[PDB]
Structures are given as structure tokens and as C-alpha cells.
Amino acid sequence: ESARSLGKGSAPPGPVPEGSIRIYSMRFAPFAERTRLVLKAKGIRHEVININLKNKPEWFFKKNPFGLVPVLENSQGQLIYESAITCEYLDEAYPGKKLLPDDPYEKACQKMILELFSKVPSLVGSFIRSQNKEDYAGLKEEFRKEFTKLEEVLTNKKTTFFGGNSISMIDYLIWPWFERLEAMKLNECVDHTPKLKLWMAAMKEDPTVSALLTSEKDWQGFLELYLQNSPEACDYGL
């Protein structure tokens, strides 16, 4: 119940309490899942306000003039948005093991892999609107090209994850789009990419990933409503 989204007409929320940080999110948004994975991995005390993205509160544009999730707001009232920016902010502003490497080159490398990956979210957007078996074959091809590039990174590095043999920031940043791959009927696109397939399996075993994983059933329920343009999609299940 408490997870229900805030939409048009809702009262603006109060101040974030000292000792917590707040994320404005939506339970099915992969960009916000990045930020939540980082919050979870670093053990950062936080609250979540879900936003009805189909019927947004007017006040939400005071949080982010772009009107998008994720957004962080801290107890000092500071606002941070763009998922990758929010993630690096958390890594720097909070204690515990650092998800990004301290080494400048290794850090730059993670950011270059993110750029390599950056076509995938737009492709997923397109697959979700694919109309027939002809479109779907073409989509499968574009994903295959993209996935072969990621395979090459793992091949060159000889490690299970993209930043080393332990999970790190870059893995959490790309994960949410792979999470949805099964549902979108694109789990055959990883057939030519064996290291990437192993990576997926290893990601699903990570405690932070597992804790935040959404079931096939729930994602499908959301997708059905989202594509029906329903103002209740964001609250699928409740």
C-alpha cells in the first residue's frame, strides 16, 4: 500500500529527514532501478516516493524540470537527477565499499563501457512497440550487434563482470535492461554471446540484484497496462 504512486493532485511531500535520502522512482523504471541497486548495494538508508509517470504531480517538476525518474533529494534539499549521475553521487557521498574504481583509467573505462551500452535502452523502447514477426527479426539483429560488442569487452578482460571479477558500478548500470530481456522474448539474442550469458547468470546470483528483481509476472502486468496507456500501470499489483 505504502508503495502506491503519487500523481496529479497529490500533496507535495515534506522534507527528507536527516539521516535519509529520498529517491523519486517508479517500480518498473529501469533507469530508476540503477539508483535503487546502488542504494541497496551500499546499504544507504532511504525512502522511496513512486511517481505516476502517466499522470504526474505538478510539484514533481520542481524536483526535476525534465520530469523524469530517478531523482534524489537529500535532507539539505539538494536535488540530483540523471540516473548515472545519481549513482556516482551516491558512491562518492556515502561510506562503504566503492562501486566505482579509484583508479582514473579504470574509472574512465567503466564510463566508456556505459557509452558502448547506451544504444540498448533506446532499442528496448523500440522492441516494446514492435508490431509483428518481421519487425521482431530486425530488432533481434540490432540487439545481436550490440551484444557482440559487450561480449568483446568481457573477452578482452577475461573476467566474469565488466569491471573485474567482482560486481561493480558498471554491472548495476547495465543490468536493468537485461533483467527485462526474458520478458521481451529476446533471450535468444544472447545465443552467440557466451560470456555475456554467464554474466547474466552471475548477476542473478548477486544479493543486491536478487533483492530488487521483479518477477516475469509483475513486469508483464505493468507492460500490458503501460502499452494500454493506463494511468494505473505504475501501480500494477499495488
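Start at 1 with the first residue shown and count on from there.
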| note | Mean B factor on CA atoms, stretches 99 to 107 and 130 to 138, record says higher is 130 to 138
| remark: Higher avg CA temperature factor (189 to 197 vs 41 to 49, as deposited) belongs to 189 to 197
| query | Based on what the PDB entry reports, which of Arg27, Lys62, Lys204, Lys54 has the top C-alpha B-factor? | reply | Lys54
| note | Entry record, C-alpha B-factors for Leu212, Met169, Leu68, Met184; the maximum is at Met184
| message | Considering every modelled residue of the chain and its Cα B-factor in the PDB entry, is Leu225 in the lowest, middle or highest third? | response | highest
| task | Would you mind ranking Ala84 by its C-alpha B-factor against the rest of the chain and naming the third, lowest, middle or highest? | result | lowest
| Chain-relative CA temperature factor third for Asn156 | highest
| Would the CA B-factor of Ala93 place it in the lowest, middle or highest third of its chain? | middle
